[PDB]
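**Q** Experimental coordinates follow, after the sequence.
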Amino acid sequence: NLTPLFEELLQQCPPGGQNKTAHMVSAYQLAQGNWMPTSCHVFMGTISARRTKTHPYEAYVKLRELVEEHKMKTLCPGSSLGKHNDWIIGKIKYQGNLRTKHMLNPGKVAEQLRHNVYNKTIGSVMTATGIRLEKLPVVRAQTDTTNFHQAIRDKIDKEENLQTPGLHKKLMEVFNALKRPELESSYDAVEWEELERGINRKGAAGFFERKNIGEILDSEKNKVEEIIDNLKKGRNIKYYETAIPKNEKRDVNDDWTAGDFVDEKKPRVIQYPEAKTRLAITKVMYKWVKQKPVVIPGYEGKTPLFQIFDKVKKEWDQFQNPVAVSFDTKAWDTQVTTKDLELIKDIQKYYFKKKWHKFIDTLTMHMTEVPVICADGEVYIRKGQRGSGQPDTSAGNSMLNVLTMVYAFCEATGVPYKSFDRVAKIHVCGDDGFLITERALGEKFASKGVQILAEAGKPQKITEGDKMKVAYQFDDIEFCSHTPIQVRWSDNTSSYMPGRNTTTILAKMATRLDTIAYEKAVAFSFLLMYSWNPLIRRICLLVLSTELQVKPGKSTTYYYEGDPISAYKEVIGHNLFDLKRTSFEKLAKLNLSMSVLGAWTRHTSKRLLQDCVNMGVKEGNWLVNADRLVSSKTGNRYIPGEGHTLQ
């Protein structure tokens, strides 16, 4: 009866190792009585206990006392600064004002010297149909400096999470089972041309950096190569990261993205090393941080969003009663421990050539304890954790996440590490992800996994009944802020597309953070993902019919060469005209938020179709005739030119 209070309390106990020297009892076992707790040091949901005719309520109180005693005996151990970073001291000009409780705020340096706006064409397309933009949810809002200081105190300002003893030994036991020995010690850095190929010249400037990436590349490339050598030999350098709030002017991505969802998952606190330091890290570790080739099992950072759910359902279909168990770690970046970072270090040393291990052993040391500069000049010393702007973020988090989840899953079920790829499939993109396995294993892992994942220091989001999110049918999987939605093509074949709430799609489509060429690029980018949504599909076509003489802009996720309907068929595998049905039920779910907020009218759907037909019945070759129902209504079809989709 009193069993849950033990389970909730067990999520607060310090991680311990196997203690065979005493009796280790379960949370349900404690609720049965005749058991008095002997230590709040917990291991796999068990604690050392003695049998002594106890009342349950007493056992909890002794545990509450055991835990409270330790909490007031293991708080403020103390923050220390590493010598290799002493150089930052000489830069303080004023006293510190962060009022941090767990990390040093040694002072402030001297300072140096964006709005949410609507896309004029798209927005005029929506409004003309009765969509009320004001009713759409806010997206990509910025935050004030006072919330920023409190945000850092709220989420960053935390000591490293305690982890189970010897864990990283076990995590290496898992990695050895999925190493790719045909590549051991085979990675080398790439040359300047390969690095500059896929790069944004507008890469974010450091706090002490004046020039962007494109400027740093065009003129100070020699400076970057100097950084590498000092690291190549194990020499300290001026490592610092700049802290700005998400959607500040310098929240700019160095590398390509798969969609707007990546920006949505960025923490409230963006932390990145200098443009020059990022370039040095990227030129050296290119094959890792960009996962070329992919050696992280189930890493979907390169999988385009329109492929992922087709790719997964092919795995889904091979199980007897599959479930998908979601990973939902609370603010992952703040939970990377120092010991976790050397686990990636020891892994990066595995795949890199012998001539770079000193580089890695050194750069890890800096990342063990990083000096960070706020936008306003306040300086704090972060104990470990992952900076969202580091080049190793997605690569390092992803490989970190798989090992951690496999450990939690395998130890929860009894499945041996070497047998995993046989009884389960996993897919991750940074901290977000899930695993597929049989309902038996999935329900077992989902119930015990929350506590185990607390013992490894990756606490999950508080959920109902302390159980991980379990998907029992395919299109309930949630991944990368999207979810599978079925479509049936004209040839009676089925595929899945990335589904998402209609409200969210409209908002992210109608806005930007501070031209008509751009809006056609957005229209195409959204069309590749959301052609299942008849509202979006037709809005997108209308924008594409707008001033056909203009070429599409190239600043966003995708753009097209030539006729766009061809580009759709090139990557999707079917012509847009072949979309005959969108999954009936799932569309109802995703459109509900539209009616919840009242963002549309009872005739909005019809007014949009009727708006598209008006442009479509006129004689000639019109984009809107790609829509099967529009073409069914106009009697004419769209005949595509040549087309190609490019990033």
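**A** On my side now, so go ahead. Residues are numbered from 1 along each chain as shown.
**Q** Could you give the number of residues near the residue nearest to residue 23 when sequence neighbours are not counted?
**A** Closest residue in space to residue 23, ignoring its immediate chain neighbours: residue 49 at 5.4 Å, by C-beta to C-beta, 6 or more residues apart in numbering. The way it works is simple: take the backbone N, C-alpha and C, and place the C-beta from them, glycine included. By the criterion of other C-beta atoms under 10 Å, residue 49 has 22 neighbours.
**Q** Residue 407 contacts residue 171, doesn't it?
**A** Yes: using C-beta atoms under 8 Å, residue 407 is in contact with residue 171, at 5.9 Å.
**Q** returning to that earlier point: which residues pair with the residue nearest to residue 23 across the strands?
**A** residue 23, residue 37 (DSSP bridges).
**Q** residues near residue 181, how many?
**A** Residues near residue 181, counting by other C-beta under 10 Å: 9.
**Q** do you know how far it is from residue 347?
**A** 13 Å (C-beta to C-beta, to the nearest Å).
**Q** The closest residue to residue 136 other than its chain neighbours: what secondary structure?
**A** Among residues not flanking residue 136 along the chain, residue 507 sits closest, at 4.4 Å (C-beta to C-beta, 6+ apart). Per DSSP: H, G, I helix; E, B strand; the rest coil, the secondary structure class of residue 507 is helix.
**Q** Please apply the same query to residue 77.
**A** Once three-state DSSP is applied, residue 77 turns out coil.
**Q** so what's the backbone phi/psi at it?
**A** phi -60, psi -40 (degrees, to the nearest 10).
**Q** so what's the closest residue to residue 297 other than its chain neighbours up against?
**A** Leaving aside its chain neighbours, residue 297 sits nearest to residue 178 (5.3 Å; criterion: C-beta to C-beta, 6+ apart). For residue 178, the contact set (C-beta atoms under 8 Å, 6 or more residues apart in numbering) comprises 297, 402, 421.
**Q** Can you list phi and psi of residue 178 for me?
**A** The phi and psi values for residue 178, taken as degrees, to the nearest 10, are phi -130, psi 20.
**Q** before we move on, what about residue 19?
**A** Dihedral angles (degrees, to the nearest 10) for residue 19: phi -120, psi 90.
**Q** got it, and the one 3 residues further on?
**A** In terms of degrees, to the nearest 10, the main-chain angles of residue 22 are phi -150, psi 170.
**Q** Please report the distance of it from residue 68.
**A** In terms of C-beta to C-beta, residue 22 sits 21 Å off from residue 68.
**Q** Could you do residue 502 as well?
**A** For residue 502, the distance to residue 68 (C-beta to C-beta) stands at 48 Å.
**Q** Straight-line length of stretch 113-125, end to end?
**A** Chord length of stretch 113-125, first to last residue, is 40 Å (C-alpha to C-alpha, to the nearest Å).
**Q** Could you find the closest non-adjacent residue to residue 249?
**A** Nearest to residue 249 is residue 114, by C-beta to C-beta, 6+ apart, at 5.6 Å.
**Q** Separate out the buried members of the contacts of residue 178.
**A** 297, 402 (16 or more other C-beta atoms under 10 Å).
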